[PDB]
Amino acid sequence: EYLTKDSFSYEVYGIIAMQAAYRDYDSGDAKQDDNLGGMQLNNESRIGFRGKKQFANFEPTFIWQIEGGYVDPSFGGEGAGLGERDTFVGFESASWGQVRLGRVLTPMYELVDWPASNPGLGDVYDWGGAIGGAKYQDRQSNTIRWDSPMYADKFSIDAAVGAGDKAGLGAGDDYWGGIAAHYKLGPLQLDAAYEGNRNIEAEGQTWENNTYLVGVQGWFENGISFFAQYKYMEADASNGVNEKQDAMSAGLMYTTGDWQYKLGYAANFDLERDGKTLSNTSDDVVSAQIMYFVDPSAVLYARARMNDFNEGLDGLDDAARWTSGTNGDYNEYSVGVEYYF
Amino acid sequence: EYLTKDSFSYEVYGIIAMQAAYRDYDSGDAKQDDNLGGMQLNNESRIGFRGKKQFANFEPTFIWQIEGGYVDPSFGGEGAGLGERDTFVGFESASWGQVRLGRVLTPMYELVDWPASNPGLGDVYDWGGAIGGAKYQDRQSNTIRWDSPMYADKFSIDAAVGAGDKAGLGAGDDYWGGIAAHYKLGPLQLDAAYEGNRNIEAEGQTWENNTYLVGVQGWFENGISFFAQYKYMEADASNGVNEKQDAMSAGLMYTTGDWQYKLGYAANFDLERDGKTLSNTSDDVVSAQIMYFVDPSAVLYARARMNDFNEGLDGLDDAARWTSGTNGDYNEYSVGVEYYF
Amino acid sequence: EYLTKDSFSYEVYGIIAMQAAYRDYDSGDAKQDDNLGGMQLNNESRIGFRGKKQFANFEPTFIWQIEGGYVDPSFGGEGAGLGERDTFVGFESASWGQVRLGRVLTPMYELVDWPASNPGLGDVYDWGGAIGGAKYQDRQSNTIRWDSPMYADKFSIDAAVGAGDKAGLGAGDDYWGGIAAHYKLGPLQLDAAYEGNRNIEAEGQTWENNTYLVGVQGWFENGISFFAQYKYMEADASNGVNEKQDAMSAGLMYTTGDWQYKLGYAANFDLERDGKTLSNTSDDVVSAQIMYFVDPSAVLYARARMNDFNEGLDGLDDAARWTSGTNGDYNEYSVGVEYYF
Ligand SMILES: CC(=O)N[C@@H]1[C@@H](O)[C@H](O[C@@H]2O[C@H](CO)[C@@H](O[C@@H]3O[C@H](CO)[C@@H](O[C@@H]4O[C@H](CO)[C@@H](O)[C@H](O)[C@H]4NC(C)=O)[C@H](O)[C@H]3NC(C)=O)[C@H](O)[C@H]2NC(C)=O)[C@@H](CO)O[C@H]1O
Ligand SMILES: CC(=O)N[C@@H]1[C@@H](O)[C@H](O[C@@H]2O[C@H](CO)[C@@H](O[C@@H]3O[C@H](CO)[C@@H](O[C@@H]4O[C@H](CO)[C@@H](O)[C@H](O)[C@H]4NC(C)=O)[C@H](O)[C@H]3NC(C)=O)[C@H](O)[C@H]2NC(C)=O)[C@@H](CO)O[C@H]1O
Ligand SMILES: CC(=O)N[C@@H]1[C@@H](O)[C@H](O[C@@H]2O[C@H](CO)[C@@H](O[C@@H]3O[C@H](CO)[C@@H](O[C@@H]4O[C@H](CO)[C@@H](O)[C@H](O)[C@H]4NC(C)=O)[C@H](O)[C@H]3NC(C)=O)[C@H](O)[C@H]2NC(C)=O)[C@@H](CO)O[C@H]1O
């Protein structure tokens with residue numbers, strides 16, 4: 001009656017993650033600086049459940065996962081539900097890869113976040129931007145997604161379509177599709193992705209977004225590695241207005257024995273609308289990080305970063321368009337731990 | 001120190017469940033049709049915890065469970081708490097069955113939902129209806145419930161009382177009791193249930209509800225089986241008003257090797273108030289379903305159904321009474337998977 | 001491949017806890033008495049996850065925990081998130097004890113709650129009180145806390161600082177520190193604790209709180225034991241106003257074979273502001289309890305208690321200051337079960 005690994009039909013896994021983060025804002029209001037700024041803890045720990053199952057009457061193996069959200073993030077209250085993060089059912093087969101239904105990363109977002117948002121570059125490059133509509137969804141419910149196998153060990157595809165944010169609550173007809181591709185060439189990976197979003201309702205208009213990206217990731221054999229990524233966002237509104245905005249992120253790393261130094265910079269350039277650039281609509285961030293490989297399953301890290309955000313713009317409804325800079329410019333010093341089980 | 005099944009004092013269990021569902025509404029408003037309609041995913045997966053414990057100083061075995069809600073249902077946001085579904089402590093004894101305290105199905109609801117709400121018949125027969133007050137609570141917190149053993153293998157009783165919805169938040173004195181009974185007669189099961197609800201506050205009045213039901217479930221030995229159920233709902237308001245409404249649900253199945261075809265229809269008939277029937281207060285649904293028994297622990301299914309809801313009524317406060325048809329008539333095509341561990 | 005306790009990197013633990021509680025309010029409004037009063041179930045069950053990990057490159061052992069909240073308490077809806085209760089990362093070392101970052105009890109609160117809030121004394125002694133500002137935070141996110149070893153088996157320290165409630169959402173600059181100390185002297189424990197809270201915003205003012213306490217806990221060898229605790233709370237407001245209020249809690253127990261009888265009383269005395277006592281700002285509670293040790297891992301209990309709260313006061317903004325008595329005086333009869341795994 002002695003249990004083995006096979007007696008279970010699930011596994012519990014987790015990312016235990018804690019960032020002690022001190023921010024210093026310069027919004028231009030002293031009180032707002034005190035509120036937003038200060039030390040907080042950013043407990044991004046999470047628990048999840050997942051499993052496989054070989055159904056007796058269907059060859060492609062059944063797969064599932066249910067992942068909790070961040071338990072106690074900064075700027076937020078305690079407590080997370082099961083299902084807030086990647087949460088899906090699906091099927092896998094050697095010859096065609098896998099397909100997932102539910103809550104997953106869009107193919108684009110996955111590349112935007114990794115490598116291109118790390119470390120701390122996300123306020124600018126992840127959710128930062130001044131463009132109307134929806135540049136791309138991130139983690140998204142009501143999504144079906146195909147991950148191809150690595151054809152010839154060189155090549156692979158990520159493809160997805162899904163429902164919008166309003167559609168997932170029966171409050172609109174918004175939807176999107178997108179695709180991404182990955183090519184291994186010697187020590188390089190070349191990445192490309194697209195995502196289109198349709199029927200996005202915003203600022204008294206219906207929008208269509210088209211967002212494209214390419215990037216490279218390289219590994220020298222002496223512990224040096226890097227990435228750069230370029231990202232081009234267009235949006236078109238039901239009243240005729242066009243908007244274009246681009247952006248870039250780059251990172252440099254040196255990994256030597258148990259240590260990794262990392263330098264990262266990312267920026268959105270000025271937004272254009274109907275071909276007139278809008279002044280001071282750009283943002284950037286520089287970030288420096290030292291990381292220690294404290295165990296095969298864990299890391300300690302220290303990090304400083306400096307965000308200069310855009311200094312405001314109006315959306316097409318004659319009202320301030322919220323952006324990742326509405327709360328103001330800020331610097332941040334942080335130390336942290338992450339453990340994987 | 002090699003673990004056995006007995007080293008644990010809990011078990012993790014789960015229903016992994018995904019429905020890809022396309023709806024097509026005919027509310028009479030085009031925009032409302034686009035919003036509510038379209039494809040969505042209905043991730044009704046859930047995780048739970050449960051255990052038994054033989055207390056050294058008390059014979060009747062201790063039992064408990066804590067079950068999470070649906071992680072990412074359709075028409076809803078992601079994330080569910082532990083405790084949203086059946087969540088209780090209790091005791092069990094061979095000679096008197098079991099008793100549970102906490103969050104359970106009312107004895108009536110359990111019969112309303114199974115067999116009588118499946119497949120897709122619930123908008124009409126589960127929460128559908130035009131009657132005032134509370135026809136019956138469904139899953140309900142603050143409930144004690146006795147499940148009798150199967151006396152003589154033929155016969156058994158389900159009995160419960162509990163607090164109301166307002167009472168569970170110290171905002172009223174609402175409560176209910178009810179009871180259900182089950183008799184095996186050859187290849188049949190005969191069911192009966194009652195539920196009374198008292199001090200229900202609604203539409204500027206205090207209500208009392210009394211709801212009765214009977215049904216049959218039958219198994220031919222050639223893979224043919226069926227159910228029918230009749231349900232009679234009365235409500236009385238503190239100002240004198242009487243209301244009566246009845247309803248019926250029936251289902252037909254043919255289960256042959258690894259397949260099951262299913263036909264289901266259910267309807268609420270026109271509501272009566274103070275003995276005047278009100279025109280067009282009825283609803284119905286027809287539903288067709290093919291199901292494959294893809295593994296002992298899983299099923300795939302395809303399903304189409306058509307809901308015609310009532311076309312509106314006023315409650316006793318001179319204001320639209322919300323019903324399962326306020327959002328409008330709709331059809332639905334669906335395919336799905338459910339796995340049990 | 002036969003699992004042992006060591007094959008896991010986590011353990012699931014739980015407190016399964018159910019209280020059937022009848023309250024009888026005397027607010028002075030009959031309807032309010034019916035709402036708040038009545039029978040309810042108080043499911044304070046909770047699940048948690050925790051583990052240890054010896055990192056290969058860092059001596060002090062890594063520790064973590066993630067604990068869910070109460071699944072279905074009384075006066076509340078069903079469902080709790082992971083992380084609502086003690087939820088942290090940390091490190092431990094034989095020579096310096098342990099340090100935790102995240103969501104923990106303040107050193108004071110831990111003593112306020114145990115022994116001094118039990119049984120049922122918390123409406124008075126835990127969150128009860130009329131004093132402005134924040135007397136002390138309780139379970140608190142954004143906290144670092146050091147627990148010393150038991151130096152010389154006699155002596156130990158609990159020390160902590162953390163961010164405020166507004167600060168944990170970037171809506172203010174509120175913070176606190178405090179400390180507590182524990183001395184074993186024959187059959188006694190002597191306790192002392194402090195907590196200071198700063199930049200608390202309330203009633204149109206900024207406050208500073210200082211709260212001090214001492215107590216004793218004693219064990220006779222015949223199953224008799226007791227506690228008493230005194231607690232002195234001061235608060236100072238940005239406009240000059242001073243406020244002082246003190247309080248005491250005591251409990252008596254007799255534990256004989258499988259049984260424990262318990263008597264507890266606690267009270268807040270009248271509040272003083274700028275040296276004028278305010279009439280009828282005090283509260284008390286007496287509570288009686290019989291508890292049976294139904295298993296090494298479980299208890300049954302019955303309990304009756306009587307709360308007489310203060311009869312109202314204004315805060316410095318000329319508006320009722322909410323207190324644990326705003327809802328009115330009430331008595332409560334309760335029976336309950338608690339199981340530990
Ligand atoms: C420190 C380190 O090494 N961390 C790695 C992780 O960071 C990494 O995963 C990513 O972690 C970042 C860390 O902050 C996390 O950041 C959050 O991102 C979401 C985007 O979904 C933001 O949500 C938006 O924010 C504002 C709220 O004010 C909204 O207005 C905005 O519109 C939101 N988006 C939408 C569509 O509405 C959060 O606010 C943000 N955190 C903040 C502000 O503090 C990423 O989400 C993580 N992404 C992923 C894909 O995992 C992880 C990889 O798994 O690995 C760690 O090592
Ligand atoms: C689907 C299938 O293939 N198999 C079975 C499961 O479905 C079955 O459990 C039942 O599953 C259905 C599936 O949709 C579920 O439906 C939900 O029921 C609740 C009941 O309270 C509804 O709540 C009401 O909804 C409306 C708004 O939508 C409110 O206005 C109304 O007032 C609510 N009730 C209140 C306040 O009291 C949900 O809306 C509804 N889902 C929707 C619309 O998508 C059943 O409740 C499930 N029943 C049970 C007992 O769990 C499962 C059970 O184990 O077994 C499969 O065989
Ligand atoms: C009961 C028993 O036999 N044994 C022990 C447990 O009880 C013990 O933990 C404590 O249990 C009590 C109830 O049994 C619990 O009471 C709740 O405490 C919280 C404090 O966070 C209250 O919160 C306040 O409530 C009101 C809402 O009306 C607010 O207005 C007020 O402002 C709240 N707090 C704040 C910060 O704003 C709850 O309302 C209250 N329950 C009620 C009213 O029913 C204690 O919190 C429990 N102790 C803790 C969390 O440490 C347990 C501890 O491990 O173990 C048993 O020994």
# chains A, B, ... in the order shown; residues from 1 in each chain; ligands from 1
>>> interface_residues(of="chain B", to="chain C", cutoff="8 Å", atoms="only C-alpha atoms", output="ChimeraX atom specification")
/B:1-3,9,55-58,64,66,68-69,80-84,87-89,101-102,141-143,163,166-173
>>> residues_near_ligand(ligand="ligand 2", cutoff="6 Å", atoms="only C-alpha atoms and all ligand atoms", output="PyMOL selection string")
chain B and resi 113+127+138
>>> residues_around(residues="range 116-120 of chain A", least_positions_apart="4", cutoff="7 Å", atoms="only C-alpha atoms", output="PyMOL selection string")
chain A and resi 111-112+125-126+229+249-250+264+287+305
>>> write_last_selection(atoms="N, CA, C and O atoms", output="short mmCIF file (atom, residue, chain, number, x, y, z; two decimals), in the first residue's frame")
data_model
loop_
_atom_site.label_atom_id
_atom_site.label_comp_id
_atom_site.auth_asym_id
_atom_site.auth_seq_id
_atom_site.Cartn_x
_atom_site.Cartn_y
_atom_site.Cartn_z
N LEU A 111 6.90 36.88 -25.31
CA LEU A 111 8.17 37.52 -25.74
C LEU A 111 8.36 38.92 -25.15
O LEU A 111 9.51 39.30 -24.86
N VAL A 112 7.28 39.69 -25.02
CA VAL A 112 7.35 41.02 -24.42
C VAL A 112 7.86 40.92 -22.98
O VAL A 112 8.71 41.69 -22.56
N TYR A 125 7.91 48.85 -20.91
CA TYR A 125 7.86 47.97 -22.08
C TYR A 125 6.76 46.88 -22.09
O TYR A 125 6.47 46.33 -23.16
N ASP A 126 6.21 46.56 -20.92
CA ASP A 126 5.16 45.53 -20.73
C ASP A 126 3.77 46.16 -20.89
O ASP A 126 3.20 46.08 -21.97
N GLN A 229 15.10 43.93 -28.64
CA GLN A 229 13.76 43.69 -29.20
C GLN A 229 13.18 45.02 -29.66
O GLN A 229 13.34 46.03 -28.98
N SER A 249 13.68 47.53 -26.32
CA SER A 249 14.21 47.05 -25.06
C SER A 249 15.48 46.28 -25.32
O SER A 249 15.52 45.44 -26.23
N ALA A 250 16.50 46.53 -24.51
CA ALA A 250 17.75 45.78 -24.60
C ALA A 250 18.38 45.48 -23.22
O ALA A 250 18.22 46.25 -22.24
N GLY A 264 19.94 46.68 -18.11
CA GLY A 264 18.78 46.63 -19.04
C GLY A 264 18.27 48.03 -19.26
O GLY A 264 18.30 48.84 -18.32
N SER A 287 18.11 50.00 -15.61
CA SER A 287 18.01 49.10 -14.46
C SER A 287 19.25 48.26 -14.34
O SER A 287 19.78 47.78 -15.35
N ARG A 305 16.58 50.77 -10.27
CA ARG A 305 16.09 51.16 -11.56
C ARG A 305 15.42 52.49 -11.53
O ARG A 305 14.92 52.92 -10.53
#
>>> residues_around(residues="residue 136 in chain B", least_positions_apart="4", cutoff="9 Å", atoms="only C-alpha atoms", output="short mmCIF file (atom, residue, chain, number, x, y, z; two decimals) with C-alpha atoms, in the first residue's frame")
data_model
loop_
_atom_site.label_atom_id
_atom_site.label_comp_id
_atom_site.auth_asym_id
_atom_site.auth_seq_id
_atom_site.Cartn_x
_atom_site.Cartn_y
_atom_site.Cartn_z
CA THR B 106 -30.56 21.84 -0.01
CA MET B 108 -34.60 19.80 -3.07
CA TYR B 109 -31.83 21.59 -5.00
CA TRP B 176 -35.68 27.69 5.42
CA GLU B 195 -38.66 23.19 0.74
CA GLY B 196 -40.14 26.09 2.71
CA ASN B 197 -38.55 29.56 2.90
CA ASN B 209 -42.37 30.14 -0.24
CA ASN B 210 -43.43 26.56 -0.45
CA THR B 211 -42.10 24.40 -3.21
#
>>> atom_distance(atom1="CA of residue 217 in chain A", atom2="atom 54 (O, counted along the ligand's line) of ligand 1")
18.2 Å
>>> atom_distance(atom1="CA of residue 150 in chain B", atom2="CA of residue 193 in chain B")
16.5 Å
>>> closest_residue(among="B:259, B:232, B:62, B:96", to="residue 147 in chain B", atoms="only C-alpha atoms")
B:96
>>> closest_residue(among="A:313, A:300, A:160, A:233", to="ligand 1", atoms="only C-alpha atoms and all ligand atoms")
A:300
>>> residues_around(residues="residue 183 in chain A", least_positions_apart="4", cutoff="9 Å", atoms="only C-alpha atoms", output="list in words")
residues 154, 155, 156, 188, 189, 190 and 191 of chain A
>>> residues_around(residues="residue 219 in chain A", least_positions_apart="6", cutoff="12 Å", atoms="only C-alpha atoms", output="list in words")
residues 184, 185, 186, 187, 188, 189, 225, 226, 227, 252, 253, 254 and 255 of chain A
>>> residues_around(residues="residue 63 in chain B", least_positions_apart="3", cutoff="8 Å", atoms="only C-alpha atoms", output="JSON, numbers by chain")
{"B": [50, 51, 52, 53, 89, 90, 91, 92]}
>>> write_last_selection(atoms="N, CA and C atoms", output="PDB file, in the first residue's frame")
ATOM      1  N   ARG B  50     -10.444  17.162   1.289  1.00  0.00           N
ATOM      2  CA  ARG B  50     -11.319  16.494   2.236  1.00  0.00           C
ATOM      3  C   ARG B  50     -10.605  15.408   3.008  1.00  0.00           C
ATOM      4  N   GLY B  51     -11.183  15.034   4.153  1.00  0.00           N
ATOM      5  CA  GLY B  51     -10.653  13.974   5.013  1.00  0.00           C
ATOM      6  C   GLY B  51     -11.668  13.425   6.012  1.00  0.00           C
ATOM      7  N   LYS B  52     -11.286  12.270   6.556  1.00  0.00           N
ATOM      8  CA  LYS B  52     -11.982  11.554   7.628  1.00  0.00           C
ATOM      9  C   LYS B  52     -11.055  11.540   8.831  1.00  0.00           C
ATOM     10  N   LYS B  53     -11.596  11.423  10.026  1.00  0.00           N
ATOM     11  CA  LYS B  53     -10.766  11.204  11.204  1.00  0.00           C
ATOM     12  C   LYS B  53     -11.556  10.499  12.300  1.00  0.00           C
ATOM     13  N   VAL B  89     -18.055  20.547   7.850  1.00  0.00           N
ATOM     14  CA  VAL B  89     -17.630  19.488   8.789  1.00  0.00           C
ATOM     15  C   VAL B  89     -18.838  18.600   9.054  1.00  0.00           C
ATOM     16  N   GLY B  90     -18.622  17.397   9.578  1.00  0.00           N
ATOM     17  CA  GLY B  90     -19.758  16.535   9.909  1.00  0.00           C
ATOM     18  C   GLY B  90     -19.404  15.258  10.638  1.00  0.00           C
ATOM     19  N   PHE B  91     -20.416  14.424  10.857  1.00  0.00           N
ATOM     20  CA  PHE B  91     -20.168  13.115  11.465  1.00  0.00           C
ATOM     21  C   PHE B  91     -20.950  12.032  10.743  1.00  0.00           C
ATOM     22  N   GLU B  92     -20.401  10.816  10.749  1.00  0.00           N
ATOM     23  CA  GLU B  92     -21.047   9.681  10.116  1.00  0.00           C
ATOM     24  C   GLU B  92     -21.045   8.433  11.027  1.00  0.00           C
TER      25      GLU B  92
END
>>> select_by_dssp(residues="range 152-337 of chain B", states="strand (DSSP E or B)", output="PyMOL selection string")
chain B and resi 155-163+175-185+188-202+205-219+224-237+242-256+259-268+272-273+276-277+283-295+298-308+314+320+329-337
>>> closest_residue(among="A:207, A:49, A:301, A:10", to="ligand 1", atoms="only C-alpha atoms and all ligand atoms")
A:301
